Each structure stands twice: as structure tokens, then as C-alpha cells.
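The file structure27.txt contains compact mmCIF, C-alpha atoms:
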```
# COMPACT_ATOMS: atom_id res chain seq x y z
CA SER A 1 -55.39 -19.26 27.48
CA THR A 2 -54.94 -21.01 24.15
CA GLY A 3 -56.83 -23.48 21.98
CA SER A 4 -55.74 -25.91 19.25
CA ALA A 5 -58.09 -27.89 17.00
CA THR A 6 -57.56 -30.12 13.98
CA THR A 7 -59.35 -29.14 10.76
CA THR A 8 -60.18 -31.91 8.26
CA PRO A 9 -61.09 -31.70 4.54
CA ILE A 10 -64.72 -32.66 3.89
CA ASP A 11 -63.85 -34.57 0.67
CA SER A 12 -61.04 -35.66 -1.63
CA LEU A 13 -60.86 -32.22 -3.32
CA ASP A 14 -60.45 -30.09 -0.14
CA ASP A 15 -63.70 -28.35 -1.01
CA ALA A 16 -63.94 -27.14 2.61
CA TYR A 17 -62.57 -28.02 6.03
CA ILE A 18 -64.47 -28.91 9.20
CA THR A 19 -63.37 -28.39 12.79
CA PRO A 20 -65.12 -29.91 15.82
CA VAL A 21 -66.72 -27.37 18.17
CA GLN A 22 -68.29 -28.06 21.58
CA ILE A 23 -71.54 -26.16 22.22
CA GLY A 24 -73.61 -26.26 25.40
CA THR A 25 -73.69 -28.25 28.62
CA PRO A 26 -73.30 -31.20 28.37
CA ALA A 27 -71.25 -30.59 25.22
CA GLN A 28 -72.85 -31.05 21.82
CA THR A 29 -70.05 -31.46 19.27
CA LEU A 30 -70.77 -30.03 15.81
CA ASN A 31 -68.36 -29.92 12.87
CA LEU A 32 -68.18 -26.31 11.70
CA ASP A 33 -66.63 -24.60 8.70
CA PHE A 34 -64.27 -21.92 10.10
CA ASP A 35 -64.69 -18.95 7.79
CA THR A 36 -62.34 -15.94 7.95
CA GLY A 37 -64.63 -14.28 5.37
CA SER A 38 -67.74 -13.99 7.57
CA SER A 39 -68.68 -13.18 11.14
CA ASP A 40 -71.64 -15.37 12.19
CA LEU A 41 -71.44 -18.59 14.21
CA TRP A 42 -74.54 -20.44 13.02
CA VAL A 43 -75.60 -24.06 13.32
CA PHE A 44 -78.09 -26.59 12.12
CA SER A 45 -80.45 -26.99 15.04
CA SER A 46 -83.63 -28.54 16.45
CA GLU A 47 -85.33 -25.41 14.96
CA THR A 48 -84.15 -26.05 11.37
CA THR A 49 -87.02 -26.86 8.95
CA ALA A 50 -86.99 -30.67 8.94
CA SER A 51 -86.98 -31.01 5.10
CA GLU A 52 -83.77 -28.85 5.03
CA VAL A 53 -81.80 -31.22 7.31
CA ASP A 54 -80.15 -34.25 5.57
CA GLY A 55 -77.50 -35.92 7.74
CA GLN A 56 -76.11 -32.90 9.65
CA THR A 57 -75.62 -33.03 13.41
CA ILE A 58 -77.93 -30.49 15.08
CA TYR A 59 -77.65 -28.27 18.12
CA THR A 60 -80.63 -28.67 20.49
CA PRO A 61 -80.66 -25.68 22.87
CA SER A 62 -83.38 -27.23 25.06
CA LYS A 63 -80.82 -29.99 26.03
CA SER A 64 -78.17 -27.44 27.13
CA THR A 65 -78.35 -26.21 30.73
CA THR A 66 -76.32 -23.12 29.75
CA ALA A 67 -78.35 -22.10 26.66
CA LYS A 68 -80.38 -18.84 26.93
CA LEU A 69 -82.63 -17.39 24.18
CA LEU A 70 -81.27 -14.01 23.13
CA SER A 71 -84.76 -12.54 23.14
CA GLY A 72 -85.82 -10.75 19.99
CA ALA A 73 -82.58 -11.38 18.11
CA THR A 74 -82.65 -12.69 14.53
CA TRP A 75 -80.06 -13.24 11.86
CA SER A 76 -79.94 -13.71 8.09
CA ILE A 77 -76.88 -14.13 5.91
CA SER A 78 -76.10 -14.50 2.20
CA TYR A 79 -72.69 -15.75 1.02
CA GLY A 80 -70.68 -15.06 -2.15
CA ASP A 81 -71.68 -18.48 -3.62
CA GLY A 82 -75.44 -17.61 -3.47
CA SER A 83 -76.13 -19.73 -0.36
CA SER A 84 -78.01 -18.40 2.68
CA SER A 85 -79.37 -19.18 6.10
CA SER A 86 -81.40 -17.42 8.81
CA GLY A 87 -82.92 -17.93 12.24
CA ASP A 88 -82.89 -16.90 15.89
CA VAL A 89 -80.15 -16.69 18.51
CA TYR A 90 -79.12 -18.34 21.78
CA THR A 91 -76.17 -17.59 23.99
CA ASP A 92 -74.25 -20.63 25.21
CA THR A 93 -70.79 -21.92 26.13
CA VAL A 94 -68.63 -22.68 23.08
CA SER A 95 -65.24 -24.41 23.16
CA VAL A 96 -62.72 -24.87 20.35
CA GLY A 97 -59.68 -27.04 20.93
CA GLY A 98 -59.82 -26.51 24.72
CA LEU A 99 -60.49 -22.71 24.56
CA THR A 100 -63.86 -21.80 26.11
CA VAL A 101 -66.05 -18.75 25.63
CA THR A 102 -69.11 -18.25 27.82
CA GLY A 103 -72.04 -16.23 26.51
CA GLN A 104 -71.17 -16.79 22.81
CA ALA A 105 -73.98 -15.99 20.35
CA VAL A 106 -74.95 -19.28 18.69
CA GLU A 107 -77.20 -18.47 15.73
CA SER A 108 -79.75 -21.29 15.34
CA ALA A 109 -80.90 -21.86 11.77
CA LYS A 110 -84.61 -22.00 11.06
CA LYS A 111 -83.91 -22.01 7.28
CA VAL A 112 -80.89 -22.99 5.19
CA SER A 113 -80.48 -22.94 1.37
CA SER A 114 -80.15 -26.07 -0.72
CA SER A 115 -76.32 -26.10 -0.86
CA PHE A 116 -76.20 -26.37 2.97
CA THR A 117 -78.82 -29.14 3.09
CA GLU A 118 -76.98 -31.08 0.36
CA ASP A 119 -73.68 -31.01 2.31
CA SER A 120 -74.17 -33.50 5.17
CA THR A 121 -70.58 -32.94 6.43
CA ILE A 122 -70.97 -29.26 7.49
CA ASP A 123 -73.07 -28.61 10.61
CA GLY A 124 -72.69 -24.82 10.42
CA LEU A 125 -70.16 -21.98 10.14
CA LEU A 126 -67.89 -20.28 12.65
CA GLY A 127 -67.06 -16.80 11.37
CA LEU A 128 -63.62 -15.31 12.00
CA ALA A 129 -63.84 -12.03 10.05
CA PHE A 130 -64.41 -8.77 11.97
CA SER A 131 -67.51 -8.50 14.16
CA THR A 132 -68.72 -5.45 12.13
CA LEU A 133 -70.01 -8.01 9.58
CA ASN A 134 -72.11 -10.02 12.08
CA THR A 135 -75.74 -10.10 10.92
CA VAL A 136 -77.58 -10.37 14.28
CA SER A 137 -80.34 -7.76 14.68
CA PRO A 138 -81.13 -5.59 16.56
CA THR A 139 -77.99 -6.09 18.67
CA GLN A 140 -74.92 -7.12 16.63
CA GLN A 141 -72.92 -9.94 18.21
CA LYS A 142 -69.21 -10.70 18.51
CA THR A 143 -67.29 -13.53 16.89
CA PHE A 144 -65.80 -16.37 18.92
CA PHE A 145 -62.33 -14.83 18.38
CA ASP A 146 -63.44 -11.36 19.47
CA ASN A 147 -65.01 -12.82 22.64
CA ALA A 148 -61.89 -14.96 23.37
CA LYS A 149 -59.31 -12.30 22.53
CA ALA A 150 -58.77 -10.63 25.89
CA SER A 151 -58.25 -14.10 27.57
CA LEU A 152 -55.73 -15.35 24.98
CA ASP A 153 -51.99 -15.42 25.65
CA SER A 154 -51.55 -13.39 22.39
CA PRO A 155 -54.47 -11.85 20.39
CA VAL A 156 -53.99 -14.09 17.36
CA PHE A 157 -55.24 -17.18 15.62
CA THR A 158 -53.47 -19.19 12.94
CA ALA A 159 -54.67 -21.26 9.99
CA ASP A 160 -52.55 -24.18 8.85
CA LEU A 161 -54.68 -25.93 6.22
CA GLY A 162 -53.56 -29.21 4.70
CA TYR A 163 -53.42 -30.29 1.06
CA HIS A 164 -55.49 -33.46 0.93
CA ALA A 165 -54.76 -33.82 4.65
CA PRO A 166 -55.82 -32.47 8.06
CA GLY A 167 -54.39 -29.22 9.41
CA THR A 168 -54.75 -27.01 12.46
CA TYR A 169 -56.42 -23.88 13.79
CA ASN A 170 -54.63 -22.46 16.84
CA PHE A 171 -55.88 -19.65 19.06
CA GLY A 172 -53.64 -17.49 21.25
CA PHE A 173 -50.18 -18.67 20.18
CA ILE A 174 -47.95 -19.09 17.13
CA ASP A 175 -46.53 -22.70 16.83
CA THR A 176 -42.95 -21.96 15.72
CA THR A 177 -42.59 -25.69 14.72
CA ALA A 178 -45.40 -25.45 12.12
CA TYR A 179 -43.59 -23.37 9.47
CA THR A 180 -40.20 -22.95 7.82
CA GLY A 181 -38.16 -19.74 7.62
CA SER A 182 -39.70 -16.55 8.97
CA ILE A 183 -43.24 -15.08 9.03
CA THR A 184 -43.74 -12.00 6.82
CA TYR A 185 -46.37 -9.64 8.16
CA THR A 186 -48.43 -7.32 5.95
CA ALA A 187 -50.97 -4.57 6.59
CA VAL A 188 -54.70 -5.21 6.89
CA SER A 189 -57.61 -2.92 6.08
CA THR A 190 -60.70 -3.66 8.20
CA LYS A 191 -62.87 -1.15 6.26
CA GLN A 192 -64.98 -3.87 4.56
CA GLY A 193 -64.91 -6.15 7.67
CA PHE A 194 -62.50 -8.64 6.08
CA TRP A 195 -58.87 -9.63 6.54
CA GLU A 196 -58.08 -7.48 3.49
CA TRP A 197 -54.45 -7.10 2.41
CA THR A 198 -52.34 -6.32 -0.69
CA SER A 199 -50.18 -8.93 -2.33
CA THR A 200 -47.04 -7.63 -4.03
CA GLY A 201 -47.36 -9.68 -7.24
CA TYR A 202 -47.22 -13.10 -8.78
CA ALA A 203 -45.32 -15.58 -10.93
CA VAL A 204 -46.54 -18.49 -13.06
CA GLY A 205 -44.41 -21.62 -12.84
CA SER A 206 -40.72 -20.87 -13.26
CA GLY A 207 -41.54 -17.49 -14.88
CA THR A 208 -40.35 -14.10 -13.74
CA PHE A 209 -42.13 -12.43 -10.88
CA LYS A 210 -44.50 -9.60 -11.87
CA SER A 211 -44.51 -6.79 -9.26
CA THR A 212 -48.10 -5.55 -9.05
CA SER A 213 -50.43 -4.70 -6.14
CA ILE A 214 -53.36 -7.15 -5.76
CA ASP A 215 -55.80 -6.23 -3.01
CA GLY A 216 -57.79 -9.20 -1.69
CA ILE A 217 -59.08 -11.04 1.33
CA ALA A 218 -57.74 -14.03 3.24
CA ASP A 219 -60.84 -16.27 3.26
CA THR A 220 -60.72 -19.79 4.69
CA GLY A 221 -64.38 -20.29 3.77
CA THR A 222 -63.74 -19.94 0.01
CA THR A 223 -62.34 -23.00 -1.76
CA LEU A 224 -60.53 -21.41 -4.70
CA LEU A 225 -58.13 -18.53 -5.51
CA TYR A 226 -60.00 -15.68 -7.28
CA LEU A 227 -57.74 -13.07 -8.93
CA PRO A 228 -57.97 -10.43 -11.64
CA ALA A 229 -58.72 -11.68 -15.14
CA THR A 230 -55.30 -10.59 -16.44
CA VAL A 231 -53.48 -12.70 -13.81
CA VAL A 232 -55.73 -15.71 -14.30
CA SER A 233 -55.38 -15.56 -18.13
CA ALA A 234 -51.59 -15.45 -17.76
CA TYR A 235 -51.71 -18.59 -15.57
CA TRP A 236 -53.99 -20.69 -17.81
CA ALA A 237 -52.14 -19.63 -20.98
CA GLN A 238 -49.33 -21.91 -19.70
CA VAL A 239 -51.59 -25.00 -19.75
CA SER A 240 -52.18 -26.59 -23.20
CA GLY A 241 -55.86 -26.80 -23.94
CA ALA A 242 -57.07 -24.72 -20.96
CA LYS A 243 -59.98 -22.40 -21.65
CA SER A 244 -62.64 -20.38 -19.92
CA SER A 245 -65.98 -22.21 -20.25
CA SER A 246 -69.11 -20.06 -19.76
CA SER A 247 -71.16 -23.33 -19.67
CA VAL A 248 -69.08 -24.79 -16.78
CA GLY A 249 -68.55 -21.42 -15.04
CA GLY A 250 -64.78 -20.87 -15.22
CA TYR A 251 -61.47 -22.14 -16.48
CA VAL A 252 -61.22 -25.83 -17.30
CA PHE A 253 -58.21 -27.78 -18.46
CA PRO A 254 -57.42 -31.26 -19.81
CA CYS A 255 -57.25 -33.80 -17.03
CA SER A 256 -54.06 -35.08 -18.76
CA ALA A 257 -52.22 -31.80 -17.98
CA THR A 258 -49.44 -31.23 -15.47
CA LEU A 259 -50.21 -27.81 -13.92
CA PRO A 260 -47.57 -25.16 -13.23
CA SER A 261 -47.15 -23.67 -9.78
CA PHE A 262 -48.41 -20.19 -8.90
CA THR A 263 -46.43 -17.82 -6.67
CA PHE A 264 -47.89 -14.84 -4.82
CA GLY A 265 -45.98 -12.07 -3.06
CA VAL A 266 -46.25 -11.10 0.61
CA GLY A 267 -44.03 -8.04 0.92
CA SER A 268 -40.61 -9.21 -0.30
CA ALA A 269 -41.48 -12.85 0.51
CA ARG A 270 -43.04 -15.41 -1.85
CA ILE A 271 -45.57 -18.23 -1.25
CA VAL A 272 -45.53 -20.98 -3.86
CA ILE A 273 -48.76 -22.90 -4.59
CA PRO A 274 -47.77 -26.25 -6.19
CA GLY A 275 -49.55 -27.08 -9.45
CA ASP A 276 -51.31 -30.05 -7.89
CA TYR A 277 -53.14 -27.70 -5.48
CA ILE A 278 -54.81 -26.05 -8.51
CA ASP A 279 -56.45 -29.32 -9.77
CA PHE A 280 -60.11 -29.64 -8.73
CA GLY A 281 -60.73 -32.76 -10.80
CA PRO A 282 -63.31 -33.69 -13.42
CA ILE A 283 -66.12 -31.21 -13.99
CA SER A 284 -68.61 -34.10 -13.85
CA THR A 285 -68.01 -37.63 -12.94
CA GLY A 286 -65.82 -39.42 -15.53
CA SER A 287 -65.13 -36.28 -17.63
CA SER A 288 -61.67 -35.61 -19.06
CA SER A 289 -62.24 -31.85 -18.51
CA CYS A 290 -60.97 -30.75 -15.10
CA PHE A 291 -61.91 -27.65 -13.11
CA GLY A 292 -59.22 -25.10 -12.28
CA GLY A 293 -58.38 -23.86 -8.82
CA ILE A 294 -57.44 -20.36 -9.97
CA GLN A 295 -60.46 -18.42 -11.32
CA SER A 296 -61.28 -14.87 -12.25
CA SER A 297 -62.66 -12.49 -9.61
CA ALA A 298 -64.33 -10.39 -12.36
CA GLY A 299 -67.92 -9.73 -11.29
CA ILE A 300 -67.27 -10.75 -7.63
CA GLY A 301 -66.00 -7.23 -6.83
CA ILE A 302 -63.05 -8.51 -4.66
CA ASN A 303 -60.07 -10.79 -5.04
CA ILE A 304 -60.16 -13.80 -2.72
CA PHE A 305 -57.17 -15.70 -1.37
CA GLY A 306 -59.19 -18.83 -0.57
CA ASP A 307 -58.06 -22.26 0.52
CA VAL A 308 -55.99 -22.94 -2.65
CA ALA A 309 -53.68 -20.11 -1.62
CA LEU A 310 -53.93 -20.33 2.17
CA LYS A 311 -53.16 -24.08 2.33
CA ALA A 312 -49.73 -23.34 0.80
CA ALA A 313 -48.85 -21.22 3.87
CA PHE A 314 -48.89 -20.95 7.63
CA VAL A 315 -51.16 -17.91 8.09
CA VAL A 316 -51.29 -15.64 11.16
CA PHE A 317 -54.45 -13.62 11.75
CA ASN A 318 -53.11 -10.97 14.15
CA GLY A 319 -55.99 -9.31 16.01
CA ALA A 320 -53.92 -6.77 17.91
CA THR A 321 -55.21 -3.17 18.12
CA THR A 322 -53.84 -2.69 14.58
CA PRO A 323 -54.57 -6.02 12.85
CA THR A 324 -52.04 -7.56 10.47
CA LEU A 325 -51.68 -10.84 8.50
CA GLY A 326 -48.59 -13.02 8.54
CA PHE A 327 -47.54 -15.64 5.98
CA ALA A 328 -44.81 -18.26 6.21
CA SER A 329 -43.85 -21.16 3.97
CA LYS A 330 -44.21 -24.64 5.48
```
Write out the structure in this file as C-alpha cells.
Amino acid sequence: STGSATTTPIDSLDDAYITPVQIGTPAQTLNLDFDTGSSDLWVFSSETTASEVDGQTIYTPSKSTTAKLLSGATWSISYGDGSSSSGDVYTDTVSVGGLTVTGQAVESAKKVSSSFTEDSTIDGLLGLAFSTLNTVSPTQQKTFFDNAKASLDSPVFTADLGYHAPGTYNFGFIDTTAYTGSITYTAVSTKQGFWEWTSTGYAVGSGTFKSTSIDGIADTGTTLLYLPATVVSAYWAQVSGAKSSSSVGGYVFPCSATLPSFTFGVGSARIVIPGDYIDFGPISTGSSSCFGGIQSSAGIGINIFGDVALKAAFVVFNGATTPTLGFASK
């Protein structure tokens, strides 16, 4: 089997992407944030504290003929941005882009933090990291990908995120029309439960490539590119008037600037992030200070190849017995 679903930016900045997901019988379609940096499929629901729901579509298990309480199971998760959610668990039928899993754990939120409530466009998360990170207790649950894997034509999914445009998540096949040149594959460590890999270096604009190992994670659920402070300083030093602002919480730059590209290495191959991808617009409405899309990972404890980086590539998440990542230009 295969599946193929379109993923759509939630706003004009590509702050996140949402993908429609069918849950239950008859189908309830929720727009979920596919997150290769976490491993829980959780939704706004009929159980969510009413004051914490503001415009989201909810899952109502009582209206699904295939929903079953997973008795005694609870979940609770905290993300890198400080947000959180928790609740109880149902099993139900879940379909993505025509690919169906029966018996998927659907984590129903009883509580969500303010950043979830305030984002009316995201109805929950669908985690695509390794199932070792899933938070369900006392019986850990599998991701949608892990449950689908054995049925897929190939044990893979791909992320093809758009810049200010829709893109695609495919399951079980590699669309050879969706990228240019060849795919370069690189090793993955699953020790921390992430799609963790090592980039071979970077370049800023038309500058020379610096060969250096940068360990980090491929994380579709993170907006920005978080890299070591040395790398990030070298990038922003090429932008007149850019500075790190402790009041704003990262590097800002004049909205009048033209940003240089940023290249990262994948083995001997190179992915180029155009400068425009690094502009996250005014820090507050009407400001002439703009927020940068490349930020320091200092204090986060890991480098993160978030959407800024991934949207410049066609990315293969290879879930074979020995997982690997693939990157192609597009």
C-alpha cells in the first residue's frame, strides 16, 4: 500500500504545515501537524477542557463506531517550545492520503497549553519520530508510520515541504518526479528516538564551504533551523545590521536587507536554502526589525534541521531495519 497527502502552510510565514487526517467511522477529518520530532498522535477532542478550545476541529470518539477506549492509558507530552498537552487514549481507524491503519492509538487531549489553544489551524499532532519516544503509559504505543510500515510497498515516508506553498507527504514510495538529480543517503542514530544525522558542513552565500560535522535532527515540527552559535554568527555577520536580541529571543535583521543563502552538506552533496526562506518577517506588526530563520541551538542541547532547511529539499525518511535519511535538491 501507499498514501499521499498534501501539506499546507498554516500562515504566510510557513510557521507550520497541516495535513488532513481521517479518524474514525464515519471519518472525522482533522488537520494535523506532522512532526518527525515526536511520536504521539494526539488530537483536540470532545474531552478537551472547553475553555482551551478556540476554533479547532475536534475528534468525538463517541460518534465513531470503530473507537475503543484504551483502558487505563494516559499520555502527557512537553515540546521544545514549552508547549504541552495530556489526556487519555482511544484506538481507532486512521487514514492519511488513502493509507489506512486500524487500531491506531489516538491520544485525546483533556488539556492543552495556551500556544495550542491560540492556534485555531492545528487540530493536533501526528508524530513520525521513533516509537521509543511515545508518551502513552503504562503501555507505550506505536506511531502511524510504525503501524503502517509492514503494509507499505517500501518502508519509507517522504517530506516535500513547500516555500510559501503546499507540499506533500508520501508513505510507501519515493516519487522520482518530485526532485532533481539524485538522492544522497546518510546514516541515522535512533539512540535519542529522533531522525538524528550528521551534516558534513556549511557555506554562507557564495562563500567557501566549511567541512565540519554537525549532528542534528530532521524535525518537520520545528519551524526554524537551529545550529551551533559559531555557524549562526558566521551567517548573520554577512547581513548589515543583524544582531542577536535577548529582548526578542534571537537574531533579528533589518527588514530592508537581502539575505544570503545558506548551504548545508549531506555527505558530498549540498542543499542550498535560498535567502528568502530565512526571512520570518517583522518581529511585531509594522516593525522594521525582522526575525531570522537561522537561530542558535545553544541551550537547546541539540541542533535542529527544521522546516527552513527541510523545505529546501526532498527528504526521505527510510524506516528499513537500519534507518537512513535521504536528501535531494528539487
List the neighbours of residue 115 (chain A) out to 7 Å using all atoms listed in the file; skip same-chain residues closer than 3 positions along the sequence, and give me the result as a PyMOL selection string. chain A and resi 83+118-119
In Å, with one decimal, what is the gap from CA of residue 318 (chain A) to CA of residue 304 (chain A)? 18.5 Å
Å distance separating CA of residue 54 (chain A) from CA of residue 21 (chain A), one decimal place: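 Going from CA of residue 54 (chain A) over to CA of residue 21 (chain A), I get 19.7 Å.
For residue 179 (chain A), the residues within 10 Å (counting only C-alpha atoms, excluding itself and residues fewer than 5 positions away along the chain) are residues 160, 174, 313, 314, 315, 327, 328, 329 and 330 of chain A.
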Within 10 Å of residue 233 (chain A) using all atoms listed in the file, minus same-chain residues under 3 positions, as a VMD selection string: chain A and resid 227 to 230 236 to 238 242 to 244 251 294 to 296
Taking all atoms listed in the file into account, which of A:27, A:96, A:16, A:89 comes nearest residue 63 (chain A)?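 Using all atoms listed in the file, the shortest distance to residue 63 (chain A) belongs to A:27.
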Find, counting only C-alpha atoms, the residue in A:120, A:114, A:198, A:51 that gets nearest to residue 302 (chain A).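 Of the candidates, the smallest distance to residue 302 (chain A) is held by A:198.
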Might you pull out every residue within 12 Å of region 67-70 of chain A, with only C-alpha atoms counted and same-chain residues fewer than 4 positions away left off, and present them as an NGL selection string? :A and (23-28 or 59-63 or 74-75 or 87-94 or 102-108 or 136-141)
Report as CSV the residues of region 128-181 of chain A within 7 Å of region 9-12 of chain A, each with its shortest atom pair and distance in Å (one decimal), using only C-alpha atoms, ordered by chain and increasing residue number.
```
residue,atom,partner,partner_atom,distance
A:164,CA,A:12,CA,6.5
A:165,CA,A:9,CA,6.7
A:166,CA,A:9,CA,6.4
```
